[PDB]
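# What the coordinates show
So you can see what is in the structure, the chains are spelled out below.
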Amino acid sequence: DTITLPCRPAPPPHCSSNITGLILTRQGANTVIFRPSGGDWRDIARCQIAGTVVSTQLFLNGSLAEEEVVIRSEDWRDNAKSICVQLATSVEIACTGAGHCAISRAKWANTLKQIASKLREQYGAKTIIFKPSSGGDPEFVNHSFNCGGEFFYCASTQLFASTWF
Amino acid sequence: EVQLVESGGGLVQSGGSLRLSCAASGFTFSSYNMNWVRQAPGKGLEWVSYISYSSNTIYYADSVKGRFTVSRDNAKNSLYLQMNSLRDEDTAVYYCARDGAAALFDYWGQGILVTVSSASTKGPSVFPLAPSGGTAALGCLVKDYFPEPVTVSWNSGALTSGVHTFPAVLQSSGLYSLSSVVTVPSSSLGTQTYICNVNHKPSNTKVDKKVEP
Amino acid sequence: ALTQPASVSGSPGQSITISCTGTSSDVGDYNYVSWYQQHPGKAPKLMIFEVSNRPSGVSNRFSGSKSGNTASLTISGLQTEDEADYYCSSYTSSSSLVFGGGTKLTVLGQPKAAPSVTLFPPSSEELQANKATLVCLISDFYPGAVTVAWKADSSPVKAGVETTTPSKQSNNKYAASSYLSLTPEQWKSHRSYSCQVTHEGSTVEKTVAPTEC
Ligand SMILES: *[C@@H]1O[C@H](CO)[C@@H](O)[C@H](O)[C@H]1NC(C)=O
Ligand SMILES: *[C@@H]1O[C@H](CO)[C@@H](O)[C@H](O)[C@H]1NC(C)=O
């Protein structure tokens with residue numbers, strides 16, 4: 001059982017990647033809502049967990065954490081400062097070239113769970129919600145990524161939409 | 001186990017430069033943001049500065065702004081605060097705190113003392129405080145000495161009961177002043193001579209002041 | 001920005017609450033509210049964070065609450081170890097970490113005692129040296145928390161005042177000192193000077209007149 005992300009145009013099979021990290025923004029009950037960050041390229045460049053590929057929202061082929069997920073922020077109390085999320089196990093996404101890329105559902109849910117755990121240990125014992133992007137430009141509203149000099153765009157909704165206690 | 005151990009501190013002169021150091025252990029120093037706090041002797045906590053893990057987000061207090069500068073080195077797991085053009089108003093115990101996000105501050109370092117004074121060394125100037133339930137109170141004011149400590153006895157130690165030596169206040173000039181009172185029989189004033197012995201080792205000084213009604 | 005009561009007292013076994021008040025800035029903007037305990041000469045220790053949460057290891061006797069503009073730290077079954085200073089901290093409207101004024105918790109294991117006050121005028125020696133110092137000495141007060149004011153005839157005296165923090169005596173009571181530094185001219189000008197010490201709401205007031213030698 002898997003999650004099928006649309007991607008326009010069709011990413012070749014050879015661009016199949018490993019997801020290693022994320023960037024998130026914190027929105028303005030014990031419910032804190034996070035979105036895939038729609039900030040400029042500066043935040044991504046300065047997360048330094050981005051790694052190798054030129055991607056938005058997700059980081060591919062990048063460096064993994066040592067043991068557990070580690071999250072970083074330049075000010076947890078300033079909503080305007082992004083949170084860089086670094087995983088320990090990568091999430092393989094295999095593109096078929098039919099215009100969509102596949103992710104394991106169980107795998108992504110466990111990833112989200114661990115991220116939420118680390119987020120709780122930062123903001124407190126609240127409810128971690130993940131919602132889709134906030135809009136802005138088509139650049140950062142979608143999971144963008146560069147492969148072999150081509151900049152593909154994928155939809156992130158199915159990844160960024162769950163609730164955890 | 002999380003451990004923050006601070007180094008530096010001591011005497012500085014009005015306008016000098018001091019760099020406080022804080023070594024961290026027991027956690028990924030490179031992941032957490034950090035803070036400097038300070039507390040004036042007999043006053044409360046005042047947040048001094050904030051430094052991000054990336055050292056790209058630095059924040060200062062209105063007072064120390066322009067004069068203090070925070071930094072960190074992740075290679076050594078170290079935080080640093082550079083204090084320049086130090087005022088006497090910046091004399092305090094400085095603490096190294098770890099940012100706890102919603103917890104604000106969670107772990108503190110032991111703290112280190114920084115005393116900004118311009119005084120050098122001067123001997124105590126001793127004055128008598130003469131008296132005027134059938135008891136008298138007669139004292140000695142020790143004024144304008146640096147550095148600490150001074151010690152105060154009465155009649156070379158004979159008079160122990162009734163003595164009260166107050167601690168000192170550091171005036172707004174880097175010089176210390178304290179008092180020592182003793183409560184005696186009102187009848188003894190015309191008989192028992194009272195001398196206060198003020199010893200100040202820094203200046204290799206000892207003064208025996210005679211106090212008369 | 002955050003105001004706390006200077007001092008709170010209670011007996012062993014009782015409960016006590018410490019307040020931390022503000023307005024649209026700190027306690028009225030976000031749930032970032034922490035309570036730190038500080039023992040003499042030690043570092044602050046996080047007792048409560050996020051209004052109510054308690055770090056593991058801390059006794060369940062500490063609790064916290066918030067009521068809009070008033071955070072509150074409750075302690076049940078007081079013991080000696082509780083006797084210390086307490087600070088509230090919060091995050092201001094404009095991203096500024098702000099601490100409370102600090103509040104001394106005393107575990108009442110002795111009866112409360114009014115301060116004893118002794119007020120000495122400038123000595124002829126000091127006057128001849130072209131200086132004047134009024135020495136106010138307070139002692140044998142418990143809890144160890146006072147406030148000193150100075151008056152000339154009736155008008156309050158702004159500058160020239162240097163006061164110590166209470167220091168514990170050998171008898172478990174506290175003492176402290178105030179010094180008013182004047183010129184001989186202004187000393188002789190006014191008709192009276194008053195040192196007023198406020199403790200537990202009450203006030204003692206001693207007077208010296210330049211007329212008397
Ligand atoms: C992801 O990482 C694993 C482990 O190194 C590797 O075997 C796999 O081929 C990688 N997949 C991609 C698409 O990079
Ligand atoms: C991620 O690594 C895999 C395996 O080396 C590679 O096939 C893929 O192209 C990488 N992703 C890029 C370059 O976007």
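Residues are labelled from 1 along each chain in written sequence order, independent of how the entry numbers them, and those without coordinates are excluded. For naming, the first written chain is A and the first written ligand is 1, with later ones following in the order written. Each side-chain value is derived from all of the structure's non-hydrogen atoms; neither hydrogens nor water enter the calculation.

Residues and elements named next belong to chain B. Between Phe-146 and the following residue, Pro-147, the backbone shows a cis peptide bond with an omega angle of -5°. Runs of E in the DSSP output that reach at least two residues are strands. Runs of H or I that reach at least four are helices, and both are numbered from the N terminus. Residue placement: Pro-147 occurs in the loop between β13 (135–145) and β14 (150–154). Omega for the bond connecting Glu-148 with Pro-149 falls within 30 degrees of zero, at -10°, which places this linkage in the cis form. Checked against the element boundaries, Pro-149 lands in the loop between β13 and β14. In the Ramachandran plot, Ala-101 falls in the positive-phi region, its phi being about 65° despite a non-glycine side chain. Looking at the secondary structure, you find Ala-101 in the loop between β9 (92–99) and β10 (105–108). A positive phi angle is found at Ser-120, which is not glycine, with a value near 75°. Each residue is placed in one exposure class: buried if its accessible area under a 1.4 Å probe, protein chains only, is under 20% of its type's maximum, exposed if it is over 50%, and partly exposed if it falls in between. Classification of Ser-120 by relative accessible area gives exposed; the value is 59%.

Time to look at the pairing of strand β16 (residues 174–182) of chain C. Residue and element names in this part refer to chain C. Most of β16 sits out of view: eight of its nine residues are buried. Here strand β11 (residues 132–141) runs beside β16; their pairing, made up of nine bridges, is antiparallel. Its bridge partner being in β16, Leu-137 is matched across the sheet by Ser-177. In this structure, strand β14 (residues 161–163) lies alongside β16, joined through three bridges in antiparallel fashion. What sits directly across from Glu-162, in β16, is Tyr-179. Any two strands are treated as partners once DSSP identifies two or more bridges connecting them. Across two bridges, the pairing between strand β15 (residues 167–168) and β16 is antiparallel. Within β16, the position partnered with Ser-167 by the bridge is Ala-175. From the end of β15 to the start of β16, which pair antiparallel, there are five residues, and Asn-172 there has a positive phi angle of about 75°.

Here we take up the site of ligand 2. Residue and element names in this part refer to chain A. One heavy atom within 4 Å of a molecule or strand makes the whole residue count as near it. Taken together, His-14, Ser-16, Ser-17, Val-53, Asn-61 and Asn-146 make up the full set of residues adjacent to ligand 2. Each polar contact in these results corresponds to two N or O atoms within 3.5 Å; when the atoms are within protein, one needs to be able to donate a hydrogen and the other to accept it, and residues that are neighboring in sequence are counted only if both atoms are side-chain atoms. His-14 is positioned such that a nitrogen or oxygen atom in its backbone is 3.4 Å from an oxygen atom of ligand 2. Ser-17 is positioned with one of its side-chain polar atoms (N or O) 3.1 Å from a nitrogen atom of ligand 2. A total of 360 Å² of accessible area belongs to ligand 2 in isolation, and the protein chains cover 53% of it. In this classification, the charged set is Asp, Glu, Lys and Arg, the nonpolar set is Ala, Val, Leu, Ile, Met, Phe, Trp, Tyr, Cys and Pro, and all remaining amino acids, among them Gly, are polar. Here the residues of the shell around ligand 2 sort into one nonpolar, five polar and no charged. Reported accessibility uses the Shrake-Rupley method at a 1.4 Å probe radius. Residues are deemed covered only where the shown protein chains occlude them.

Residues and elements named next belong to chain A. The environment of ligand 1 is formed by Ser-16, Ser-17, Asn-18 and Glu-92. The separation between an oxygen atom of ligand 1 and a polar side-chain atom of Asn-18 is 2.3 Å. For ligand 1, a nitrogen atom lies 3.1 Å from a polar atom in the side chain of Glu-92.

Next up on the list: the sheet that holds strand β12 (residues 147–152) of chain C. Residues and elements named next belong to chain C. Sheet architecture is open: four strands sit in the order β13-β12-β17-β18, paired in antiparallel fashion. Each end of this open sheet is capped by a strand with a single partner; those strands are β13 (155–156) and β18 (202–208). As defined by bridge partners, β12 adjoins strand β17 (residues 193–199) across six bridges and the pair is classed as antiparallel. Note on β17: the bridge partner recorded for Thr-147 is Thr-198.

The next thing to look at is the sheet that holds strand β1 (residues 3–7) of chain B. Hydrogen bonds between backbone groups are what pair the strands of a sheet, and the pairing can be parallel or antiparallel. All names here are of chain B. With antiparallel pairing, the four strands of this open sheet are ordered in space as β1-β3-β8-β7. Each edge of the open sheet is held by one strand with a lone partner, namely β1 and β7 (68–73). Along the sheet, successive strands turn relative to each other by an average axial angle of 20°, direction set aside. Bridging between strand β3 (residues 17–25) and strand β8 (residues 78–84) involves seven bridges; their strand directions are antiparallel. Of the residues in β8, the one forming a bridge with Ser-21 is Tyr-80. Lines are fitted to the C-alpha atoms to define the axes, a helix being fitted only along its stretch in contact, and any angle between axes, read from their N-to-C directions, falls within 0 to 180 degrees.

Residues and elements named next belong to chain B. With respect to the helices and strands, the residue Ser-78 is situated in strand β8. Separated by 21 residues in sequence, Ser-78 and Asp-99 have C-alpha atoms that sit 14 Å apart. Setting aside anything within four residues of it in sequence, one finds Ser-78 in contact with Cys-22, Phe-29, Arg-72 and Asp-73. At 2.9 Å, the side chain of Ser-78 forms a polar contact with the backbone oxygen of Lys-76. It only takes one pair of heavy atoms within 4.5 Å for two residues to be counted as in contact.

All right, on to the pairing of strand β12 (residues 125–129) of chain B then. All names here are of chain B. In terms of burial, β12 is largely enclosed, as four of its five residues are buried. The sheet contact formed by β12 and β13 spans five bridges and is antiparallel. Residue pairing across strands places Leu-129 opposite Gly-139, the latter belonging to β13.

All right, on to the domain arrangement of chain C then. Residues and elements named next belong to chain C. A domain assignment, automatic or from a database, supplies the domain bounds used here. Domain assignment breaks chain C into domain 1 (7–107) and domain 2 (116–208). Each of domain 1 and domain 2 has a C-alpha centre, and these two points are 33 Å apart. Each partner contributes residues to the interface: domain 1 has six residues there, and domain 2 has five residues. Buried area: the accessible area, evaluated with a 1.4 Å probe, that two parts lose upon being put together, summed over both parts. Regarding the contact of domain 1 and domain 2, the summed buried area is about 370 Å², with carbon and sulfur atoms giving 48% of it.

Before going further, it helps to spend a moment on the interface of chain C and chain A. Taken together, the contacts link five residues of chain C with seven residues of chain A. Carbon and sulfur atoms supply 45% of the area buried between chain C and chain A, which totals about 430 Å² over both sides. A per-residue breakdown of the area chain C buries against chain A is headed by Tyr-32, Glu-50 and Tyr-91 of chain C, which together make up 77% of the total. Between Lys or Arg on one side and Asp or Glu on the other, a salt bridge is scored when a side-chain nitrogen of the former is within 4 Å of a carboxyl oxygen of the latter. The interface formed by chain C and chain A holds zero salt bridges in total.

The definition used for a disulfide is geometric: two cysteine sulfur atoms within 2.5 Å. Here the structure, examined in full by the defined rule, presents eight disulfides over all chains. One disulfide bridge connects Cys-95 of chain A with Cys-101 of chain A, the sulfur atoms lying 2.0 Å from each other. With the S-S dihedral at roughly 105°, the linkage between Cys-95 of chain A and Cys-101 of chain A falls on the right-handed side. Take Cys-95 of chain A: its relative accessible area is 8%, and that puts it in the buried class. Taking only the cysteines that form disulfides and numbering them from first to last, chain C has the pattern 1-2, 3-4. Across chain A, the way the bonded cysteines pair up, counted in sequence order, is 1-8, 2-7, 3-4, 5-6. Not part of a disulfide, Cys-213 of chain C finds its nearest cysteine sulfur in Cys-140 of chain B, a span of 17 Å. For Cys-213 of chain C, a relative accessible area of 83% corresponds to the exposed category.

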